[PDB]
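Peer 1: Here you go, one structure.
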Amino acid sequence: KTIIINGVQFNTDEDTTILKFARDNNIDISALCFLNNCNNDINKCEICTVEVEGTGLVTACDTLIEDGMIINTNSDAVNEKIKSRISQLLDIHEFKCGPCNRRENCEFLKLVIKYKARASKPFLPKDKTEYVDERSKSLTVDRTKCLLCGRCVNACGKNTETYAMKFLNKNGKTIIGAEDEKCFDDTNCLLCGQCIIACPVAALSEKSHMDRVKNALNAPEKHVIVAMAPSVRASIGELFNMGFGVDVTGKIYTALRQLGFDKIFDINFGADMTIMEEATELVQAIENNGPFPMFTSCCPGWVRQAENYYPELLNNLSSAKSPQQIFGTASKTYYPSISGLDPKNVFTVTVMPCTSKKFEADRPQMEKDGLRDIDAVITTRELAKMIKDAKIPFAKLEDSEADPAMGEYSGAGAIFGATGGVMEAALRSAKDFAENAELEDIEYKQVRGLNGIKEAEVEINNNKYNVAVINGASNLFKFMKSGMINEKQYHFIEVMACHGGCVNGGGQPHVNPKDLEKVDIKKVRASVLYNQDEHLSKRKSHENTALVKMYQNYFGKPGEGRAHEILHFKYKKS
Ligand code: 402
Ligand code: SF4
Ligand code: SF4
Ligand code: SF4
Ligand code: SF4
Ligand code: FES
Ligand SMILES: [Mg+2]
């Protein structure tokens, strides 16, 4: 093909869109509703407008290149068209960037600045209560910011295949929301927050828990524990212009100490706990020749997916609590026993890359003796905002260590944030358990990677079993519907709601499509975790010294007794 773009001649054999071809050839074309190789088919934003000679104005994001095309991307007709569209968007947009949580990384603002657009008449609502929905424990909607770009709808469609995020006709006007405009919690929504990640503006956010945390920190009698997820240490640096794939663990510890937190632990410890209980459970399931298959239960998005679509699998879920909830359970029991603290005065806070964790933490039965396992859950973005509000120079902070009692962890718990991590860790412990040995080769690279459905054959006590790793909720739906589950007899299956694992969680830092093109965010974030794994002395969860001490002195043997009594949680079908 011979393509003419801005007077420059190209000769290509590629069959792609004008947008992609221009992007690959250093030619600037703006875009808004185009994301995940999809645009808003019904009401296209037309920000990607270009002028094709002989045809007129077209949308470059969904228009294929053709030989003989003379394309103008910067003609004044194009520019005033785009500016017109952006102006129309401003007409329905509360343009107050000051107290906005997307102030420092908003695509729409950058478009407005770029094309110097102004609203015909400024959108300034007196009563935002009609536009705001905070009923959910995980998600919040602010339709004063919504551009109706449909990126959340699409993202929900491709990531989960639930379409829990829909276009709705709210008595006259088009909005986005859950079915029947109900609270997302009351629908088949997984609360995975991929819709948030896809949103270019502040229309979609996480349900804030920062006030819980602040009030806890300022409360004189409250002893505040904080523990961050595996993924957090490999992600938050992005929000401080430190780049991608930067390990900032120690900096996070220091910052958390400077935020006034009373105890600094780590969720990876709880991951090691989860591996203790669940590998014990898998070994005893193997010895009893059932029940098979056993699914992981550490992902609340997947748990909700089972509750809403496959309730018959609820009893197939591991009884072991998620790292978060099991850590929280241990923090209200074991920790006071080794600290002398009043359990009622303990306030446990987790830092998560996930929004569904908020819902999981606020489950009614996720407590004992009136004491919540987890009292508050803040996202990576929330912790970043908290650090910035305290004016803490994160990038320049020196490394510190976590409090050892419940802060030590192995590489097995370290790789949890990546797809296949839980599987690999669980195998590392189960193989050692069932064979009564301490094996040398512990790397299971077959369950790693970004393949949607991963399958492996493992040999435990010289008998072979089939394991599977489901990477994404849509892939769970594919795995079940296509009958792949019934092809062979699977024994242990990992399921994560977010593709790539927790490192691509709904509470993770937003990434400009600019870097989505240049950086493989999932692999780059996971690489930090695996790098931590290969550089750790202990790479098995049952070699965690602090954890071993905890079990020996307090819980006893995992999988049974008080361990099974309080560190486990089972879900019931209706
Ligand atoms: N609880 C828990 Fe997990 C652990 O450890 C996180 O904390 Fe994950 C991460 N990162 C999240 O959110 S949940 C699903 N299992 C894999 S990793
Ligand atoms: S969503 Fe973006 S453009 Fe709108 S107020 Fe917030 S920062 Fe400004
Ligand atoms: S909530 Fe965000 S992603 Fe969804 S339509 Fe509105 S602006 Fe677009
Ligand atoms: S939280 Fe997940 S399942 Fe729910 S609407 Fe958003 S993307 Fe869809
Ligand atoms: S994969 Fe991780 S971040 Fe995503 S919903 Fe599950 S627990 Fe949350
Ligand atoms: S980006 Fe092409 S129509 Fe929206
Ligand atoms: Mg399209």
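Order determines the names: the first chain of the structure tokens is A, the second B, and so forth; residues in each chain are numbered 1 upward, and ligands are numbered 1 upward as they are shown.
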Each residue of chain A with at least one atom at most 8 Å from ligand 3 should appear once, together with its nearest atom pair and the corresponding distance in Å (one decimal); atoms considered: only C-alpha atoms and all ligand atoms; ordering: chain, then increasing residue number; output as a tab-separated table.
Peer 2:
residue	atom	partner	partner_atom_place_in_ligand_line	distance
A:33	CA	ligand 3	8 (Fe)	7.2
A:141	CA	ligand 3	1 (S)	7.1
A:142	CA	ligand 3	1 (S)	7.8
A:143	CA	ligand 3	6 (Fe)	6.9
A:145	CA	ligand 3	7 (S)	6.5
A:146	CA	ligand 3	6 (Fe)	3.6
A:147	CA	ligand 3	7 (S)	4.1
A:148	CA	ligand 3	5 (S)	3.6
A:149	CA	ligand 3	8 (Fe)	3.9
A:150	CA	ligand 3	5 (S)	4.0
A:151	CA	ligand 3	3 (S)	4.1
A:152	CA	ligand 3	3 (S)	4.1
A:153	CA	ligand 3	4 (Fe)	6.3
A:175	CA	ligand 3	5 (S)	7.6
A:176	CA	ligand 3	5 (S)	6.1
A:195	CA	ligand 3	3 (S)	6.6
A:196	CA	ligand 3	2 (Fe)	7.1
A:198	CA	ligand 3	3 (S)	5.7
A:199	CA	ligand 3	3 (S)	3.6
A:200	CA	ligand 3	2 (Fe)	5.8
A:201	CA	ligand 3	7 (S)	5.6
A:202	CA	ligand 3	2 (Fe)	6.9
A:203	CA	ligand 3	1 (S)	4.7
A:204	CA	ligand 3	1 (S)	5.2
Peer 1: Could you list, as a PyMOL selection string, every residue within 6 Å of residue 471 (chain A), counting only C-alpha atoms and ignoring same-chain residues fewer than 4 positions away?
Peer 2: chain A and resi 452-453+496+499
Peer 1: Could you take the residues named above and write them with N, CA and C atoms, as an mmCIF file, in the first residue's frame?
Peer 2:
data_model
loop_
_atom_site.group_PDB
_atom_site.id
_atom_site.type_symbol
_atom_site.label_atom_id
_atom_site.label_comp_id
_atom_site.auth_asym_id
_atom_site.auth_seq_id
_atom_site.Cartn_x
_atom_site.Cartn_y
_atom_site.Cartn_z
ATOM 1 N N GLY A 452 -3.833 -17.305 28.943
ATOM 2 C CA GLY A 452 -5.107 -17.256 29.638
ATOM 3 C C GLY A 452 -5.402 -18.485 30.474
ATOM 4 N N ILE A 453 -5.191 -19.655 29.884
ATOM 5 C CA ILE A 453 -5.368 -20.912 30.597
ATOM 6 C C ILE A 453 -4.081 -21.721 30.545
ATOM 7 N N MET A 496 -7.548 -16.516 39.184
ATOM 8 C CA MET A 496 -7.437 -15.092 39.472
ATOM 9 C C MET A 496 -8.387 -14.317 38.568
ATOM 10 N N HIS A 499 -6.510 -10.562 34.758
ATOM 11 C CA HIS A 499 -5.516 -11.156 33.869
ATOM 12 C C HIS A 499 -4.119 -10.644 34.193
#
Peer 1: Taking only C-alpha atoms and all ligand atoms into account, which residues have an atom no farther than 9 Å from ligand 2? I'd like them as a PDB file with N, CA and C atoms, in the first residue's frame.
Peer 2:
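New file selection36.pdb:
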ATOM      1  N   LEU A  90     -16.991  18.824  27.688  1.00  0.00           N
ATOM      2  CA  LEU A  90     -16.851  19.773  28.788  1.00  0.00           C
ATOM      3  C   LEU A  90     -18.205  20.315  29.228  1.00  0.00           C
ATOM      4  N   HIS A  93     -19.341  18.117  31.962  1.00  0.00           N
ATOM      5  CA  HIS A  93     -18.239  17.719  32.831  1.00  0.00           C
ATOM      6  C   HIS A  93     -17.956  18.752  33.917  1.00  0.00           C
ATOM      7  N   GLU A  94     -17.975  18.311  35.171  1.00  0.00           N
ATOM      8  CA  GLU A  94     -17.610  19.178  36.286  1.00  0.00           C
ATOM      9  C   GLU A  94     -16.100  19.387  36.290  1.00  0.00           C
ATOM     10  N   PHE A  95     -15.662  20.470  35.658  1.00  0.00           N
ATOM     11  CA  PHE A  95     -14.242  20.711  35.427  1.00  0.00           C
ATOM     12  C   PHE A  95     -13.560  21.374  36.622  1.00  0.00           C
ATOM     13  N   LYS A  96     -13.502  20.659  37.741  1.00  0.00           N
ATOM     14  CA  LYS A  96     -12.811  21.143  38.930  1.00  0.00           C
ATOM     15  C   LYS A  96     -11.671  20.200  39.299  1.00  0.00           C
ATOM     16  N   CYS A  97     -10.520  20.396  38.665  1.00  0.00           N
ATOM     17  CA  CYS A  97      -9.393  19.479  38.810  1.00  0.00           C
ATOM     18  C   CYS A  97      -8.742  19.536  40.188  1.00  0.00           C
ATOM     19  N   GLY A  98      -8.874  20.678  40.862  1.00  0.00           N
ATOM     20  CA  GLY A  98      -8.258  20.905  42.160  1.00  0.00           C
ATOM     21  C   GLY A  98      -8.372  19.763  43.156  1.00  0.00           C
ATOM     22  N   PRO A  99      -9.596  19.483  43.628  1.00  0.00           N
ATOM     23  CA  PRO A  99      -9.830  18.391  44.577  1.00  0.00           C
ATOM     24  C   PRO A  99     -10.146  17.056  43.903  1.00  0.00           C
ATOM     25  N   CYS A 100      -9.686  16.871  42.669  1.00  0.00           N
ATOM     26  CA  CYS A 100      -9.961  15.643  41.929  1.00  0.00           C
ATOM     27  C   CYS A 100      -8.843  14.619  42.113  1.00  0.00           C
ATOM     28  N   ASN A 101      -9.210  13.345  42.223  1.00  0.00           N
ATOM     29  CA  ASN A 101      -8.231  12.293  42.489  1.00  0.00           C
ATOM     30  C   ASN A 101      -7.504  11.808  41.235  1.00  0.00           C
ATOM     31  N   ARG A 102      -7.929  12.296  40.074  1.00  0.00           N
ATOM     32  CA  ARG A 102      -7.252  11.984  38.819  1.00  0.00           C
ATOM     33  C   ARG A 102      -6.503  13.206  38.296  1.00  0.00           C
ATOM     34  N   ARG A 103      -6.363  14.211  39.156  1.00  0.00           N
ATOM     35  CA  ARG A 103      -5.747  15.489  38.803  1.00  0.00           C
ATOM     36  C   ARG A 103      -4.374  15.366  38.146  1.00  0.00           C
ATOM     37  N   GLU A 104      -3.607  14.361  38.550  1.00  0.00           N
ATOM     38  CA  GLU A 104      -2.216  14.258  38.127  1.00  0.00           C
ATOM     39  C   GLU A 104      -1.989  13.242  37.008  1.00  0.00           C
ATOM     40  N   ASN A 105      -3.059  12.598  36.549  1.00  0.00           N
ATOM     41  CA  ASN A 105      -2.943  11.623  35.467  1.00  0.00           C
ATOM     42  C   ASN A 105      -4.245  11.429  34.689  1.00  0.00           C
ATOM     43  N   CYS A 106      -4.946  12.527  34.426  1.00  0.00           N
ATOM     44  CA  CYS A 106      -6.209  12.475  33.695  1.00  0.00           C
ATOM     45  C   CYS A 106      -6.009  12.691  32.196  1.00  0.00           C
ATOM     46  N   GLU A 107      -6.536  11.772  31.392  1.00  0.00           N
ATOM     47  CA  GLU A 107      -6.427  11.862  29.938  1.00  0.00           C
ATOM     48  C   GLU A 107      -7.250  13.023  29.388  1.00  0.00           C
ATOM     49  N   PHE A 108      -8.458  13.181  29.924  1.00  0.00           N
ATOM     50  CA  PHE A 108      -9.378  14.216  29.464  1.00  0.00           C
ATOM     51  C   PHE A 108      -8.799  15.610  29.659  1.00  0.00           C
ATOM     52  N   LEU A 109      -8.193  15.845  30.820  1.00  0.00           N
ATOM     53  CA  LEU A 109      -7.566  17.130  31.108  1.00  0.00           C
ATOM     54  C   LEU A 109      -6.457  17.429  30.105  1.00  0.00           C
ATOM     55  N   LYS A 110      -5.670  16.407  29.786  1.00  0.00           N
ATOM     56  CA  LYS A 110      -4.580  16.545  28.829  1.00  0.00           C
ATOM     57  C   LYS A 110      -5.108  16.845  27.429  1.00  0.00           C
ATOM     58  N   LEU A 111      -6.260  16.271  27.093  1.00  0.00           N
ATOM     59  CA  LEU A 111      -6.911  16.575  25.823  1.00  0.00           C
ATOM     60  C   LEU A 111      -7.392  18.026  25.787  1.00  0.00           C
ATOM     61  N   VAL A 112      -8.020  18.460  26.877  1.00  0.00           N
ATOM     62  CA  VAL A 112      -8.522  19.826  26.995  1.00  0.00           C
ATOM     63  C   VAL A 112      -7.386  20.837  26.868  1.00  0.00           C
ATOM     64  N   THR A 144     -20.541  13.059  37.219  1.00  0.00           N
ATOM     65  CA  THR A 144     -20.220  14.432  36.846  1.00  0.00           C
ATOM     66  C   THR A 144     -18.903  14.459  36.081  1.00  0.00           C
ATOM     67  N   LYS A 145     -18.227  13.315  36.056  1.00  0.00           N
ATOM     68  CA  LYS A 145     -16.939  13.190  35.386  1.00  0.00           C
ATOM     69  C   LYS A 145     -17.031  12.282  34.164  1.00  0.00           C
ATOM     70  N   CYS A 146     -18.119  11.522  34.076  1.00  0.00           N
ATOM     71  CA  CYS A 146     -18.270  10.505  33.040  1.00  0.00           C
ATOM     72  C   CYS A 146     -18.391  11.104  31.641  1.00  0.00           C
ATOM     73  N   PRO A 200     -10.673   6.758  31.900  1.00  0.00           N
ATOM     74  CA  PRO A 200      -9.719   7.836  31.622  1.00  0.00           C
ATOM     75  C   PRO A 200      -9.872   9.018  32.575  1.00  0.00           C
ATOM     76  N   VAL A 201     -10.973   9.046  33.321  1.00  0.00           N
ATOM     77  CA  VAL A 201     -11.247  10.147  34.239  1.00  0.00           C
ATOM     78  C   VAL A 201     -11.572   9.648  35.642  1.00  0.00           C
ATOM     79  N   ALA A 202     -12.122  10.535  36.467  1.00  0.00           N
ATOM     80  CA  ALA A 202     -12.425  10.211  37.856  1.00  0.00           C
ATOM     81  C   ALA A 202     -13.884   9.815  38.049  1.00  0.00           C
ATOM     82  N   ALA A 203     -14.518   9.344  36.980  1.00  0.00           N
ATOM     83  CA  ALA A 203     -15.906   8.906  37.055  1.00  0.00           C
ATOM     84  C   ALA A 203     -16.019   7.641  37.898  1.00  0.00           C
TER      85      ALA A 203
END
Peer 1: Would you name the residues within 6 Å of ligand 7, counting only C-alpha atoms and all ligand atoms, and put them as JSON, numbers by chain?
Peer 2: {"A": [38, 39, 41, 62]}
Peer 1: Contacts between ligand 4 and chain A, please, where a residue of chain A counts if it comes within 6 Å (with only C-alpha atoms and all ligand atoms); show its shortest atom pair and distance in Å to one decimal, rows by chain and ascending number, as CSV.
Peer 2:
residue,atom,partner,partner_atom_place_in_ligand_line,distance
A:156,CA,ligand 4,7 (S),3.7
A:160,CA,ligand 4,3 (S),5.9
A:163,CA,ligand 4,8 (Fe),5.9
A:164,CA,ligand 4,5 (S),4.4
A:165,CA,ligand 4,5 (S),4.1
A:189,CA,ligand 4,4 (Fe),3.9
A:190,CA,ligand 4,3 (S),4.2
A:191,CA,ligand 4,1 (S),3.5
A:192,CA,ligand 4,2 (Fe),4.0
A:193,CA,ligand 4,1 (S),3.9
A:194,CA,ligand 4,7 (S),4.2
A:195,CA,ligand 4,6 (Fe),4.2
Peer 1: Can those selected residues be exported to a file as a PDB file, in the first residue's frame so that it contains C-alpha atoms?
Peer 2:
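What landed in out-v1.pdb:
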ATOM      1  CA  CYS A 156     -15.719  -5.349  31.850  1.00  0.00           C
ATOM      2  CA  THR A 160     -14.767 -10.735  32.949  1.00  0.00           C
ATOM      3  CA  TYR A 163     -20.973  -7.190  31.368  1.00  0.00           C
ATOM      4  CA  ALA A 164     -21.804  -6.098  34.909  1.00  0.00           C
ATOM      5  CA  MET A 165     -21.032  -2.586  33.699  1.00  0.00           C
ATOM      6  CA  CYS A 189     -20.347  -7.904  39.472  1.00  0.00           C
ATOM      7  CA  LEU A 190     -17.025  -9.298  40.686  1.00  0.00           C
ATOM      8  CA  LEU A 191     -15.912  -5.951  42.133  1.00  0.00           C
ATOM      9  CA  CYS A 192     -12.593  -6.559  40.360  1.00  0.00           C
ATOM     10  CA  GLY A 193     -12.295  -2.885  39.438  1.00  0.00           C
ATOM     11  CA  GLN A 194     -11.046  -3.356  35.877  1.00  0.00           C
ATOM     12  CA  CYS A 195     -13.646  -0.778  34.872  1.00  0.00           C
TER      13      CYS A 195
END
Peer 1: Could you report the residues within 10 Å of ligand 6, using only C-alpha atoms and all ligand atoms, as number ranges by chain?
Peer 2: A: 19, 29-35, 38-50, 58-63, 149-151
Peer 1: Residues of the last selection are to be written out with N, CA and C atoms, as a PDB file, in the first residue's frame.
Peer 2:
ATOM      1  N   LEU A  19      -5.048   4.825  12.804  1.00  0.00           N
ATOM      2  CA  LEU A  19      -4.523   5.143  14.125  1.00  0.00           C
ATOM      3  C   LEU A  19      -3.254   4.359  14.433  1.00  0.00           C
ATOM      4  N   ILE A  29      -1.735  11.041  16.739  1.00  0.00           N
ATOM      5  CA  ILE A  29      -3.186  11.083  16.608  1.00  0.00           C
ATOM      6  C   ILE A  29      -3.826  10.885  17.975  1.00  0.00           C
ATOM      7  N   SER A  30      -4.624  11.857  18.402  1.00  0.00           N
ATOM      8  CA  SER A  30      -5.311  11.762  19.682  1.00  0.00           C
ATOM      9  C   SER A  30      -6.393  10.693  19.635  1.00  0.00           C
ATOM     10  N   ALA A  31      -6.760  10.184  20.806  1.00  0.00           N
ATOM     11  CA  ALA A  31      -7.826   9.197  20.926  1.00  0.00           C
ATOM     12  C   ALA A  31      -8.363   9.206  22.350  1.00  0.00           C
ATOM     13  N   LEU A  32      -9.615   8.797  22.519  1.00  0.00           N
ATOM     14  CA  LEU A  32     -10.216   8.784  23.846  1.00  0.00           C
ATOM     15  C   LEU A  32     -10.935   7.473  24.144  1.00  0.00           C
ATOM     16  N   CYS A  33     -11.980   7.173  23.379  1.00  0.00           N
ATOM     17  CA  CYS A  33     -12.804   6.001  23.660  1.00  0.00           C
ATOM     18  C   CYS A  33     -12.172   4.711  23.142  1.00  0.00           C
ATOM     19  N   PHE A  34     -11.053   4.829  22.434  1.00  0.00           N
ATOM     20  CA  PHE A  34     -10.348   3.647  21.947  1.00  0.00           C
ATOM     21  C   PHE A  34      -9.422   3.080  23.015  1.00  0.00           C
ATOM     22  N   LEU A  35      -9.712   1.856  23.442  1.00  0.00           N
ATOM     23  CA  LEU A  35      -8.893   1.160  24.426  1.00  0.00           C
ATOM     24  C   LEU A  35      -9.144  -0.339  24.315  1.00  0.00           C
ATOM     25  N   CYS A  38     -10.642  -1.581  21.169  1.00  0.00           N
ATOM     26  CA  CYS A  38     -12.075  -1.354  21.027  1.00  0.00           C
ATOM     27  C   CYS A  38     -12.436   0.106  21.272  1.00  0.00           C
ATOM     28  N   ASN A  39     -13.389   0.611  20.495  1.00  0.00           N
ATOM     29  CA  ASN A  39     -13.909   1.954  20.707  1.00  0.00           C
ATOM     30  C   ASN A  39     -15.391   1.904  21.057  1.00  0.00           C
ATOM     31  N   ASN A  40     -15.980   3.066  21.318  1.00  0.00           N
ATOM     32  CA  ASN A  40     -17.402   3.138  21.632  1.00  0.00           C
ATOM     33  C   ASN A  40     -18.235   3.085  20.356  1.00  0.00           C
ATOM     34  N   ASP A  41     -18.580   1.871  19.933  1.00  0.00           N
ATOM     35  CA  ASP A  41     -19.229   1.634  18.642  1.00  0.00           C
ATOM     36  C   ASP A  41     -20.505   2.444  18.423  1.00  0.00           C
ATOM     37  N   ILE A  42     -21.289   2.621  19.480  1.00  0.00           N
ATOM     38  CA  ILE A  42     -22.570   3.308  19.360  1.00  0.00           C
ATOM     39  C   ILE A  42     -22.395   4.820  19.280  1.00  0.00           C
ATOM     40  N   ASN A  43     -21.734   5.400  20.273  1.00  0.00           N
ATOM     41  CA  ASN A  43     -21.460   6.832  20.248  1.00  0.00           C
ATOM     42  C   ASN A  43     -19.966   7.118  20.312  1.00  0.00           C
ATOM     43  N   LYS A  44     -19.329   7.056  19.147  1.00  0.00           N
ATOM     44  CA  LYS A  44     -17.894   7.275  19.010  1.00  0.00           C
ATOM     45  C   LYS A  44     -17.504   8.694  19.407  1.00  0.00           C
ATOM     46  N   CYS A  45     -16.423   8.817  20.174  1.00  0.00           N
ATOM     47  CA  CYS A  45     -15.974  10.113  20.673  1.00  0.00           C
ATOM     48  C   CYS A  45     -15.437  10.998  19.553  1.00  0.00           C
ATOM     49  N   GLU A  46     -14.927  10.360  18.501  1.00  0.00           N
ATOM     50  CA  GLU A  46     -14.411  11.049  17.317  1.00  0.00           C
ATOM     51  C   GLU A  46     -13.236  11.974  17.627  1.00  0.00           C
ATOM     52  N   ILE A  47     -12.524  11.686  18.712  1.00  0.00           N
ATOM     53  CA  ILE A  47     -11.319  12.432  19.054  1.00  0.00           C
ATOM     54  C   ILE A  47     -10.193  12.024  18.107  1.00  0.00           C
ATOM     55  N   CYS A  48     -10.337  10.844  17.512  1.00  0.00           N
ATOM     56  CA  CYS A  48      -9.337  10.317  16.590  1.00  0.00           C
ATOM     57  C   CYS A  48      -9.619  10.728  15.148  1.00  0.00           C
ATOM     58  N   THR A  49     -10.351  11.825  14.980  1.00  0.00           N
ATOM     59  CA  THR A  49     -10.745  12.292  13.656  1.00  0.00           C
ATOM     60  C   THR A  49      -9.541  12.665  12.798  1.00  0.00           C
ATOM     61  N   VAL A  50      -9.516  12.150  11.573  1.00  0.00           N
ATOM     62  CA  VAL A  50      -8.514  12.539  10.588  1.00  0.00           C
ATOM     63  C   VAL A  50      -9.200  12.821   9.256  1.00  0.00           C
ATOM     64  N   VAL A  58     -12.918  11.081   9.053  1.00  0.00           N
ATOM     65  CA  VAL A  58     -13.168   9.714   9.500  1.00  0.00           C
ATOM     66  C   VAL A  58     -12.524   9.449  10.858  1.00  0.00           C
ATOM     67  N   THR A  59     -12.986   8.399  11.529  1.00  0.00           N
ATOM     68  CA  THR A  59     -12.394   7.973  12.791  1.00  0.00           C
ATOM     69  C   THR A  59     -11.249   7.001  12.531  1.00  0.00           C
ATOM     70  N   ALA A  60     -10.037   7.416  12.880  1.00  0.00           N
ATOM     71  CA  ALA A  60      -8.835   6.655  12.556  1.00  0.00           C
ATOM     72  C   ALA A  60      -8.723   5.351  13.340  1.00  0.00           C
ATOM     73  N   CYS A  61      -9.362   5.295  14.504  1.00  0.00           N
ATOM     74  CA  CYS A  61      -9.221   4.146  15.394  1.00  0.00           C
ATOM     75  C   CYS A  61      -9.895   2.888  14.850  1.00  0.00           C
ATOM     76  N   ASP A  62     -10.875   3.063  13.969  1.00  0.00           N
ATOM     77  CA  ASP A  62     -11.588   1.920  13.406  1.00  0.00           C
ATOM     78  C   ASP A  62     -11.721   1.996  11.887  1.00  0.00           C
ATOM     79  N   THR A  63     -10.816   2.730  11.248  1.00  0.00           N
ATOM     80  CA  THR A  63     -10.804   2.819   9.793  1.00  0.00           C
ATOM     81  C   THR A  63      -9.504   2.253   9.232  1.00  0.00           C
ATOM     82  N   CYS A 149     -17.584   7.257  27.426  1.00  0.00           N
ATOM     83  CA  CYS A 149     -16.655   6.724  26.438  1.00  0.00           C
ATOM     84  C   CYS A 149     -16.812   5.214  26.295  1.00  0.00           C
ATOM     85  N   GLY A 150     -17.470   4.598  27.272  1.00  0.00           N
ATOM     86  CA  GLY A 150     -17.765   3.178  27.224  1.00  0.00           C
ATOM     87  C   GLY A 150     -16.565   2.271  27.419  1.00  0.00           C
ATOM     88  N   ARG A 151     -15.460   2.837  27.896  1.00  0.00           N
ATOM     89  CA  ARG A 151     -14.246   2.060  28.118  1.00  0.00           C
ATOM     90  C   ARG A 151     -14.401   1.104  29.298  1.00  0.00           C
TER      91      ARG A 151
END
Peer 1: Considering only C-alpha atoms and all ligand atoms, can you say which of A:251, A:391, A:522, A:332 comes closest to ligand 5?
Peer 2: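 Among A:251, A:391, A:522, A:332, it is A:522 that comes nearest to ligand 5.
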Peer 1: Dump the neighbourhood of ligand 1 as a PyMOL selection string: all residues within 9 Å, distances computed on only C-alpha atoms and all ligand atoms.
Peer 2: chain A and resi 228-233+266-272+274+296-302+321-327+350-357+379+413-422+494-497+501-507
Peer 1: Restricting it to C-alpha atoms, dump the selection as a compact mmCIF listing (two decimals), in the first residue's frame.
Peer 2:
# COMPACT_ATOMS: atom_id res chain seq x y z
CA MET A 228 0.95 -4.48 52.14
CA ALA A 229 0.12 -6.96 49.39
CA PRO A 230 2.82 -8.62 47.22
CA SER A 231 2.00 -6.41 44.23
CA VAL A 232 2.18 -3.07 46.07
CA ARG A 233 5.97 -3.15 46.40
CA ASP A 266 3.47 -7.83 55.45
CA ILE A 267 0.67 -9.71 53.67
CA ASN A 268 3.21 -12.13 52.16
CA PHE A 269 3.47 -13.59 55.67
CA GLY A 270 -0.25 -14.31 55.42
CA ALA A 271 0.43 -15.77 51.98
CA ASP A 272 2.86 -18.19 53.60
CA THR A 274 -2.35 -19.63 53.30
CA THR A 296 -7.93 -21.56 45.29
CA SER A 297 -10.01 -19.15 47.38
CA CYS A 298 -7.63 -16.23 47.88
CA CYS A 299 -9.20 -14.12 45.11
CA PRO A 300 -12.48 -12.47 46.22
CA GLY A 301 -13.30 -11.64 42.59
CA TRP A 302 -13.13 -15.31 41.69
CA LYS A 321 -8.66 -18.03 54.22
CA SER A 322 -7.04 -15.55 51.83
CA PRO A 323 -3.65 -14.12 52.91
CA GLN A 324 -5.42 -10.88 53.89
CA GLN A 325 -8.14 -12.46 56.03
CA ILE A 326 -5.90 -15.16 57.52
CA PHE A 327 -3.33 -12.49 58.41
CA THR A 350 -4.00 -3.83 54.50
CA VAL A 351 -2.62 -2.20 51.37
CA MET A 352 -3.98 -3.93 48.28
CA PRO A 353 -3.87 -3.69 44.47
CA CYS A 354 -7.49 -4.78 44.60
CA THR A 355 -10.95 -3.30 45.16
CA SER A 356 -12.67 -6.64 45.76
CA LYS A 357 -10.54 -7.00 48.89
CA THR A 379 -5.66 0.53 47.49
CA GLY A 413 4.62 -15.89 49.28
CA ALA A 414 6.46 -13.19 47.36
CA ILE A 415 5.32 -14.41 43.93
CA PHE A 416 1.65 -14.43 44.97
CA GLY A 417 0.82 -11.24 43.06
CA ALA A 418 1.54 -12.91 39.72
CA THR A 419 -0.65 -15.38 37.83
CA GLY A 420 0.55 -18.87 38.70
CA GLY A 421 2.33 -17.70 41.84
CA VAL A 422 -0.13 -19.29 44.27
CA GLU A 494 -5.73 -21.61 40.64
CA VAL A 495 -8.12 -18.83 39.62
CA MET A 496 -7.44 -15.09 39.47
CA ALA A 497 -10.08 -12.58 38.39
CA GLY A 501 -2.73 -11.71 38.50
CA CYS A 502 -2.97 -9.23 41.37
CA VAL A 503 -0.26 -7.09 39.75
CA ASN A 504 -2.97 -6.01 37.31
CA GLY A 505 -5.52 -5.43 40.06
CA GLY A 506 -8.32 -2.88 40.01
CA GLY A 507 -6.69 -0.83 42.76
Peer 1: So the first atom is CA of residue 188 (chain A) and the second is CA of residue 468 (chain A); what is the distance between them in Å, to one decimal place?
Peer 2: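 Here the two named atoms are 24.3 Å from each other.
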Peer 1: Which residue is closest to residue 79 (chain A)? Choose from A:117, A:346, A:273, A:313 and count only C-alpha atoms.
Peer 2: A:117
Peer 1: Where does DSSP see strand (DSSP E or B) in region 222-455 of chain A, if you list the residues as a VMD selection string?
Peer 2: chain A and resid 223 to 228 263 to 266 294 to 295 317 320 346 to 352 367 to 368 371 to 372 376 to 379 453 to 455
Peer 1: By how many Å are CA of residue 161 (chain A) and CA of residue 445 (chain A) apart?
Peer 2: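 According to the coordinates, CA of residue 161 (chain A) and CA of residue 445 (chain A) are separated by 27.7 Å.
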Peer 1: Under the rule that only C-alpha atoms and all ligand atoms are counted, which of A:574, A:359, A:556, A:395 is the nearest residue to ligand 5?
Peer 2: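 Among the listed residues, the smallest separation from ligand 5 belongs to A:359.
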Peer 1: Taking the DSSP secondary structure from the backbone, can you list the residues of region 378-558 of chain A that are helix (DSSP H, G or I), as an NGL selection string?
Peer 2: :A and (380-389 or 394-396 or 404-406 or 411-417 or 421-434 or 445-447 or 473-481 or 484-486 or 502-504 or 513-518 or 521-534 or 541-543 or 545-555)
Peer 1: Which residues are close to residue 88 (chain A), i.e. within 10 Å by only C-alpha atoms, leaving aside same-chain residues fewer than 4 positions away? Reply as an MDAnalysis selection string.
Peer 2: chainID A and resid 82:84 92:93 117:121 147
Peer 1: Give me, as a VMD selection string, all polymer residues having an atom no more than 7 Å from residue 541 (chain A), counting only C-alpha atoms and skipping those fewer than 4 positions away in the same chain.
Peer 2: chain A and resid 272 275 to 276 410 412 to 413 429
